[PDB]
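Listed next as structure tokens is one chain, alone, in the form deposited in one PDB entry.
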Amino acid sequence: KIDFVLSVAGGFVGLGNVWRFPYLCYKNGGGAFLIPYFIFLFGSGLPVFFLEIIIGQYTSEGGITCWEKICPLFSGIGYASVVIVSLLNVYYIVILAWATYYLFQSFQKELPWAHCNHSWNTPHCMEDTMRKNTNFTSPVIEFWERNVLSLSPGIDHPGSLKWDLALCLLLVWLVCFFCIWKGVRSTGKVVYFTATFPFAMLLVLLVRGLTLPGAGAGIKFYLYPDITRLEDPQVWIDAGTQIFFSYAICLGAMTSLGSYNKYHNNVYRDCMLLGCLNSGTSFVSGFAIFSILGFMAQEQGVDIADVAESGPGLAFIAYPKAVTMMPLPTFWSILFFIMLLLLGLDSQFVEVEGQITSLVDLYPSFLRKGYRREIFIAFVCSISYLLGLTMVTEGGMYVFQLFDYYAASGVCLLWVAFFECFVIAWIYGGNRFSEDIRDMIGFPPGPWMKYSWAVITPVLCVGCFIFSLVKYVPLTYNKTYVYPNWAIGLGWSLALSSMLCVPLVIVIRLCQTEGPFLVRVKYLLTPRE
């Protein structure tokens, strides 16, 4: 059904596909990323996505309370998901703040990243059109680093709080506040524009990318796997957790979304179409990103792995460079950053609404007493703004990288996806879950879903976790910056805040229940009505 796609496809795709996947793929050397990416997509991604929507429809209890009807012991999965959402909402909006700053900087006769006659540029700047004719730096890269970001020399040096970036964060949070409070969302005739425009802009950037002199050398780097050397655990964890991040699984937002749907519909085809569409747009936009990078390699006369940032700044370096190469660059820069703001804001609205309704159910006697709901929304937005304010400082990039690596990705998604699949397959029961799916949608999942939940997803999550611990290498920003041990510990604390929820809730519910230990366990394993 055309409408069934059009309504939700443009909101399910978000900044993950356009921004995180290109930067993670570039960080891991291009073609080697795609092998563990497609292994996780079909081994785990589509099966765990189908699993979470089924839980949502089956329980109709939201992202947290759903586990009471499946396995009371593992209710901590809901709290882990809700704190993953809480951490994601703090850092994800910083990308919209950067996009907003870029959009206001676009209102010029000449784009500021197109040249470096400007005051913020180092004497090492050389225009890319002349560079190939040393330690030279590109005007776009040091624009990113010094005007927008003001990159401090380390996380130990927070520096000054950037007032412009703080006001951009305030602007986006005000927009989120009013849209969530008033319930504004694309449902009128504007949905067609909101869905079509991102794909149109992506296709325009694709055609600009593929036609630039060097696009083929960038598409070689993007598709040729380094199978003989690249199989470190970092590429396995990155590629695996990118699938879980892009599908918004392990967040409990999928269960919440499914809780508002009637359990009498063909879930399977809709989930398989939405997931294959999302992974398709990610993979396709990869061609544009890497053909822009491969053109930059041929213009500047350096290797494709050295043209740009092995980090979040990849998109803010590549796409501005692309729109610099187009007729009337101001128009395309403005359109690109409006597209980015729309695509990020829709996802942010979904995630904040999911967080709000998840947290309201934990105290409806005070969190839902009429306008107390608006008060709670304002409190959540203010707290998230004050938390994001730490990343507006000159050293905010390192905090942002730590948050992206640890707080809502990596081992925590592997942990949540492993416990979901393990509980449903083994503790609750694969036969029970398949019978329930029969009752709802009319047919059993079949062997692929059954064995993906029973073996493949647990084996992939445990293999990636153990390989990460056995062959541990620490996080870095870009290619060379090394985090201090205290910042690594902070990132691991961010991750453990989500991970520890399951053991903590297990021991709490064991404490809360009377009777002998085995009777407690039997009581807390059996579902409630």
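In this text, residue numbers run from 1 along the sequence as written. Only the largest set of C-alpha atoms that superpose within 1.5 Å between the two forms is called the rigid core.
- Unmodelled deposited residues between residue 133 and residue 134: 4 to 9, per the record.
Missing here is the form deposited in another entry; even so, the following discussion is about that form.
- The comparison between this form and the one not shown, aligned on the rigid core, picks out a single residue among 224, 107, 163, 363 whose CA moves by 2 Å or more, and that residue is 363.
- In the core-superposed comparison between this form and the one not shown, residue 182 has its Cα shifted by at least 2 Å.
- Residue 524: CA moves less than 2 Å between this form and the one not shown after rigid-core fitting.
- Taking the rigid core as fixed, one finds a CA shift for residue 506 smaller than 2 Å between this form and the one not shown.
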